[PDB]
Protein chains: 2
Amino acid sequence: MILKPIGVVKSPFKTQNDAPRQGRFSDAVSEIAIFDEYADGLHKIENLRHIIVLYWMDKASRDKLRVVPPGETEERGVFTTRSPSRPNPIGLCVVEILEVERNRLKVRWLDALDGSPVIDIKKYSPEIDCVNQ
Amino acid sequence: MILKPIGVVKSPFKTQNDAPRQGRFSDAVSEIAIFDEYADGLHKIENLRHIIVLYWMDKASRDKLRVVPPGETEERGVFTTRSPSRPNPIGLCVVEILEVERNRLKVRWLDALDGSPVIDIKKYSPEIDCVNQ
Ligand SMILES: C[S@@+](CC[C@H](N)C(=O)[O-])C[C@H]1O[C@@H](n2cnc3c(N)ncnc32)[C@H](O)[C@@H]1O
Ligand SMILES: C[S@@+](CC[C@H](N)C(=O)[O-])C[C@H]1O[C@@H](n2cnc3c(N)ncnc32)[C@H](O)[C@@H]1O
């Protein structure tokens with residue numbers, strides 16, 4: 001299983017120390033530049049307000065299985081958290097499209113470090129992404 | 001980027017012909033067996049009711065950029081859908097944990113074909129995975 005990057009992220013977060021814990025609590029604007037060879041996968045995306053972005057957290061550790069979430073004292077499995085470190089550092093964010101510039105998207109709520117590779121983008125859908133509780 | 005398979009899915013969905021398009025609409029129970037090597041990642045997962053599962057749709061086409069959803073006539077980009085076919089066929093599911101054995105989890109709302117590779121697991125979080133509109 002080999003992932004082929006379909007784009008790259010451009011944001012104001014250069015290092016792990018600059019990006020927000022969770023993009024939903026930040027007003028920072030990020031850019032998703034999809035590669036020309038995949039650009040055609042954006043057809044009619046301007047009809048969407050919210051999308052799901054999967055990116056690769058390249059500087060994250062891939063052999064860490066236990067972590068202490070911020071504010072916590074004891075460790076827990078990474079699969080029970082949103083920590084960047086995990087066997088497959090896939091960053092998952094629900095973002096809001098603010099603009100569509102050809103093969104580039106201006107969005108907010110994305111918390112990827114500048115330069116992070118983009119893996120996939122899907123339609124955000126309340127009925128399947130949200131749990132009524 | 002290369003993905004490490006952290007587990008395998010066991011489900012009653014053999015092929016795309018008997019699999020729910022969206023697992024949230026099915027009541028079928030699926031099992032996620034994580035390889036011992038990553039077992040530590042499940043530490044304290046029994047304390048959760050909902051988690052997000054990322055799996056690899058290994059029999060899906062990776063060279064389609066457009067598709068026509070079931071209840072649709074016009075085609076749109078795969079990045080505006082939840083369709084299997086896309087550059088990186090990663091299935092995304094919010095699931096409900098019914099049971100936790102040792103390295104195995106029985107959940108519902110998963111729509112992975114039987115034997116599909118598991119890629120990642122994250123805690124489900126309303127405030128970030130769901131948009132309040
Ligand atoms: C908690 S993660 C977001 C995880 C996402 N909500 C998810 O569910 O997968 C955001 C943090 O990961 C770090 N991060 C973002 N992009 C990264 C990258 N390309 N490599 C390493 N770390 C990254 C940032 O420092 C940021 O504070
Ligand atoms: C629409 S996809 C699920 C997408 C997921 N809910 C998401 O948000 O990314 C589910 C469909 O893809 C197909 N599918 C599931 N697992 C697969 C696999 N391992 N290989 C190929 N196709 C698969 C099944 O036929 C099923 O009806």
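In what follows, chains are A, B, ... by sequence order, proteins preceding strands, each numbered from 1. Atoms within each ligand, like the ligands themselves, are counted from 1 in listed order.
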Please indicate whether [X] has more than 12 foreign heavy atoms, meaning atoms of other residues, nucleotides or ligands, lying under 6.0 Å from its [atom1].
X	atom1	result
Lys10(B)	NZ	no
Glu37(B)	CD	no
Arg108(A)	CZ	yes

[atom] - nearest protein heavy atom and its distance:
atom	answer
atom 4 (C) of ligand 1	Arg82(A) O, 3.6 Å
atom 15 (C) of ligand 2	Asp111(B) O, 3.2 Å
atom 1 (C) of ligand 2	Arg21(B) O, 3.1 Å
atom 5 (C) of ligand 1	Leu92(A) O, 3.1 Å
atom 14 (N) of ligand 2	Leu113(B) CG, 4.0 Å
atom 6 (N) of ligand 2	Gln22(B) OE1, 2.8 Å
atom 18 (C) of ligand 2	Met57(B) CA, 3.4 Å

| Any idea which part of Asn17(A) is under 4.0 Å from ligand 1, heavy-atom wise: side chain, backbone, both or neither? | neither
Heavy-atom nearest option to [atom], drawn from [options]:
atom	options	answer
atom 21 (C) of ligand 1	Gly115(A), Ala60(A), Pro117(A)	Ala60(A)
atom 12 (O) of ligand 1	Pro84(A), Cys93(A), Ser116(A), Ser85(A)	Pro84(A)
atom 24 (C) of ligand 1	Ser83(A), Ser11(A), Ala19(A), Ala112(A)	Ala19(A)

Within the 4.5 Å heavy-atom criterion, are [X] and [Y] side-chain neighbours or not?
X	Y	value
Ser85(B)	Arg62(B)	no
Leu98(B)	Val29(B)	yes
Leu110(B)	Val53(B)	yes
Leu54(A)	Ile121(A)	no
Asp129(B)	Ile52(B)	yes
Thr81(A)	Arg86(A)	yes

| said: Would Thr15(A) count as a contact residue for ligand 1, given that I'm defining contact as a non-hydrogen atom of the residue lying under 4.0 Å from a ligand atom? | reply: no
| request: Provide the closest heavy-atom pair for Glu72(B) versus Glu74(B) in the form atom of the first, atom of the second, distance. | output: OE2-O, 2.7 Å
| field | Any N or O of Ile128(B) closer than 3.5 Å to N or O of ligand 1 | value |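 Such a contact does not occur with ligand 1.
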| query | Do any N/O atoms on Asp58(A) end up under 3.5 angstrom from N/O atoms on ligand 1? | reply |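 Yes, since at least one N or O of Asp58(A) sits under 3.5 Å from an N or O of ligand 1.
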| field | Region of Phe13(B) engaging ligand 2 - heavy atom pairs below 4.0 Å | value |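 Neither part.
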| Side chain, backbone, both or neither: which part of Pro20(B) has a heavy atom under 4.0 Å from ligand 2? |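 Backbone only.
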Under 4.0 Å from any heavy atom of [X], which atoms of ligand 1 are there?
X	answer
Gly91(A)	9 (O)
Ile90(A)	9 (O)
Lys122(B)	7 (C), 8 (O), 9 (O)
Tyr55(A)	15 (C), 16 (N)

Using a 4.0 Å cut-off to any heavy atom of [X], which atoms of ligand 2 qualify?
X	value
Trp56(B)	19 (N)
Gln16(B)	21 (C), 22 (N), 25 (O)
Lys59(B)	20 (N), 21 (C)

| field | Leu105(B) side, atom CG; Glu31(B) side, atom CD - distance, nearest 0.5 Å | value | 8.5 Å
| request: Hey, can you tell me if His50(B) and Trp109(B) have their rings parallel, tilted or perpendicular (30° and 60° cut-offs)? | output: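 Parallel, since the angle between the ring planes stays under 30°.
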